[PDB]
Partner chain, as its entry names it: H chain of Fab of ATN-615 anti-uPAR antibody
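Starting off, we have a lone chain in the form solved without its partner chain, written out as structure tokens.
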């Protein structure tokens, strides 16, 4: 597997598409603001459990449109995006996001999707604080049009210091209403253990303690997998939905590959033992 490697500044080359990993991908960000607009394109190798996906949302005067396409052939990210592909406008959803607080200050807006497959989405991405020296720069609330991986319906995980959530629904404006805050959803009754980091220091018995699960996240979960700048071993424990215990939905959450996720029902069943 070889791929096109392309920085947003447009400088490109060919990479013998990494080791083990084998998909090339293209990712496009379209920043659109009244008349004017701008397009960033990235291409490169990537791991196998990546897939085709969209997300699009309004912040004030502007709309942002993420999209990432995925194939698996020695050079196939090669060539242009994809007359009229928007011959129409489809589902209508509410949309806003944290970058201008449109979400947080209830300044929600109507946004129509550009394709027949897109649904309305509410994604939540919360982090206690530091890891590198500030951590991911995901907007904390984002809602709008899209088709994200493992979508129909919902999924979520939280633990001592993180909370991620995807609602993803096919009905008209089915994404509206007040923005979730976790500390804000009911305790469901389950207790589960919680940690991040390595099995020794990070996720050791002495460092792993119970938390009260909330909302529909009522399975205790253990995930092990391999982190980015290719530091192996990363483990995570917490409260999740059954949806999370199915598929590598935790992958994209925690910037992790090649991942096993055990899960269980009875409270506390979650311990390193």
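Residue numbers count along the first chain shown, from 1. Each form is matched to the other, and the largest set of C-alpha atoms that superpose within 1.5 Å is called the rigid core.
In what follows, reference is made to the form deposited with its partner chain bound, a form of this protein that is not presented.
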{"property": "Non-hydrogen atom contact residue 186 with its partner chain in the deposited complex at 4.5 angstroms", "result": "yes"}
{"property": "Partner contact for residue 208 in the deposited complex: its partner chain, 4.5 angstroms, heavy atom", "result": "no"}
{"property": "Contact label in the deposited complex: residue 225 to its partner chain, heavy atom within 4.5 Å", "result": "no"}
{"property": "4.5 Å heavy atom contact, residue 190 to its partner chain in the deposited complex", "result": "yes"}
{"property": "Neighbours of its partner chain in the deposited complex among 164-180 [non-hydrogen atom within 4.5 angstroms]", "result": "none"}
{"property": "Rigid-core frame, C-alpha of residue 18, shift of 2 angstroms or more between the shown form and the other one", "result": "yes"}
